[PDB]
Amino acid sequence: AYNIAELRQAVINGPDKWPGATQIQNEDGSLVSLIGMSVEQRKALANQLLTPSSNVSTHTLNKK
Amino acid sequence: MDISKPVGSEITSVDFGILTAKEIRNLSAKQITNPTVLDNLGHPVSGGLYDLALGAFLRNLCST
Amino acid sequence: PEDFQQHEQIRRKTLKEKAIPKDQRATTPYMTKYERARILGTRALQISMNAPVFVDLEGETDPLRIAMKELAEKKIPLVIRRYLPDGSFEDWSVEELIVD
Amino acid sequence: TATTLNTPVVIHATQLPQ
Amino acid sequence: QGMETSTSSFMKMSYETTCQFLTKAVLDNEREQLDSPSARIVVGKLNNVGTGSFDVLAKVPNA
Amino acid sequence: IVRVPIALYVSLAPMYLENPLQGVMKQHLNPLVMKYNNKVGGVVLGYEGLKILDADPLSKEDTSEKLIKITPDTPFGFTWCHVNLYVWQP
């Protein structure tokens, strides 16, 4: 809850603009790479960072 | 290491011993008899060193 | 079902012998550098996983800084289990220990 | 599915079924 | 030769002459508790020195 | 219909530290209901009397606060918990 201010901007900045983000790890362990993505897709992904999980098995977990 | 994947067990100690001939005959998935590793066409020959019961090998599903 | 109960009773009794009572601990009253470092690290790891926070975040985003802030105000809900070479141990809450 | 966050690490019976 | 006597087989194996120490440890059926700093690296456990010389317990408010 | 007392070794996330009992319920016990369990012997229908075994042995059994051992690598805690399962075993 205290992190989405910086992590959202890091996801938006992408892998080739420091400070930035290179990967997103969902609760289930999916490793979505930010390398081959456009800025619009990165904004869509960043807006879904702190979205509560829909799965009970990972309801105690958050993305990375 | 992933901090979101805790491990519940832990190795406390190890001890050394001889692997008796009776147990290996039971744990084994297959024994090797032909000293030819793979036949023509590059396929691993069953009963050889590269057997599908010893593990997946070069895009071939493990028989075990 | 009965073998497991015997094992459980044996293990719990052996642990109860190990535990040094609160009025017999003879170790240092201060907190060692390693103890403070691991307290901060574990508290930061917990905070990073949406653990409840007992301090006010003055616009802080570093979990380690949150842990340091809680350690300054002695609001960390952790316990150090100091181990003697025999295997007997002592329990000190972070509040009881005095930093530096 | 079948994770340490979902299933118990070890489960033992304490007493006989009653 | 100086280290010939020690409870941790992994240390003596990792130092030198791995096979002689391994034979001595397997013929004596020795069991090591993973207490040496070198022994815990083989199995991949937290060390027993410094920050690994104690445990950390949480105080959960509700029984 | 049979009540079986069991002790399970279960994990606890940091988000459930203030409510460890409800955390054990929502993590390990609620998914265990209405599903046949091989280590019990039937269709688990419910649980009752959940109690956490304390990490320090010198505390009483009536203490509201207990100790949970945190994993060295992760922030997760692990503890033994006793509970009576109501199960229909066919």
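- Per the PDB record, the structure was determined using cryo-EM to 3.2 Å resolution.

- Chain E appears in the PDB entry as DNA-directed RNA polymerase I subunit RPA190 from Saccharomyces cerevisiae.
- The title given for this PDB entry is "Yeast RNA polymerase I elongation complex stalled by an apurinic site, 12-subunit".

- Taking the PDB entry as the reference, chain C is identified by name as DNA-directed RNA polymerases I, II, and III subunit RPABC2 belonging to Saccharomyces cerevisiae.
- The Sequence similarities field of the UniProt record for chain C holds the comment "Belongs to the archaeal Rpo6/eukaryotic RPB6 RNA polymerase subunit family."

1. Section: the overall build of chain C
Link 1 in the chain: Broken down by element type, chain C carries 3 helices and 4 strands.
Link 2 in the chain: Secondary structure elements of chain C occur, N-terminal to C-terminal, as α-β-α-α-β-β-β.
Link 3 in the chain: Rg of the C-alpha trace for chain C: 17 Å, well past the compact-globule value of 13 Å for 100 residues, more than 25% over.
Link 4 in the chain: Going through the 100 residues of chain C one by one, you find that 37% of them count as buried.
Link 5 in the chain: At a minimum sequence separation of 6, the contacts of chain C that also span at least 24 residues come to 52%.
Link 6 in the chain: Averaging the positions of the 17 positive and the 18 negative side-chain charges in chain C gives two centres separated by 2 Å.

2. Concerning the arrangement of the chains
Link 1 in the chain: Nothing in chain A touches chain E; the tightest C-alpha to C-alpha distance between them is still 17 Å.
Link 2 in the chain: Across all C-alpha pairs, the smallest distance from chain D to chain E is 18 Å, and the two are not in contact.

3. Points about helix α1 (residues 4–13) of chain A
Link 1 in the chain: By the burial criterion, the buried members of α1(A) are A:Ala10, A:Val11, A:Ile12 and A:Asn13.
Link 2 in the chain: Where α1(A) is buried, its residues contact β1 (23–25) and α2 (39–46) of chain A.

4. A closer look at the environment of E:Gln33
Link 1 in the chain: Inspection of the secondary structure assignment puts E:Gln33 in the loop between β1 (31–32) and α3 (37–43).
Link 2 in the chain: For E:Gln33, a relative accessible area of 39% puts it in the partly exposed group.
Link 3 in the chain: When the C-alpha positions of E:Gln33 and E:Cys19 are compared, they lie 20 Å apart, and in sequence the two are 14 residues distant.
Link 4 in the chain: In this structure, E:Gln33 is in contact with B:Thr12 and B:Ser13, ignoring residues within four places of it in sequence.

5. A word on the packing of helix α2 (residues 33–48) of chain C against helix α3 (residues 63–72) of chain C
Angle between the axes and distance between the axes: these two values describe a pair of packed helices.
Residue and element names in this part refer to chain C.
Link 1 in the chain: For the pair α2 and α3, the least separation of the axes is 8 Å and the interaxial angle reads 120°. On the basis of their axis angle, the class for α2 and α3 is oblique. When the axes of α2 and α3 are compared, the crossing they make is right-handed. Note on element contacts: α3 touches α2 through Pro63, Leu64, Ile66, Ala67, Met68, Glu70 and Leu71, opposite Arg36, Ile39, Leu40, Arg43, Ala44, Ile47 and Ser48.
Link 2 in the chain: By residue class, the composition of the contact of α2 with α3 is 10 nonpolar, 1 polar and 3 charged.

Rules behind the numbers
Residues numbered from 1 in each chain as written, not as in the entry; some residues may be left out. Chains lettered and ligands numbered in written order. Part of a larger assembly, values for the part shown. Heavy atoms only, no water. UniProt positions renumbered as here; feature names shortened; annotations may be inferred. Helix = DSSP H or I, 4+ residues; strand = E, 2+ residues; numbered from the N terminus. Rg over C-alpha atoms; globule rule 2.2 N^0.38 Å. Buried < 20%, exposed > 50% of the residue type's maximum accessible area, 1.4 Å probe, protein only. Contact = heavy atoms within 4.5 Å. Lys, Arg positive; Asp, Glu negative; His and termini not counted. Charge placed at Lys NZ, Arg CZ, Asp CG, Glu CD. Axes fitted to C-alpha atoms, helices over the stretch in contact; angles between N-to-C directions. Parallel < 35°, antiparallel > 145°, perpendicular 65-115°, else oblique. Left-handed = near helix turned anticlockwise from the far one by under 90°. Nonpolar A, V, L, I, M, F, W, Y, C, P; charged D, E, K, R; others polar.

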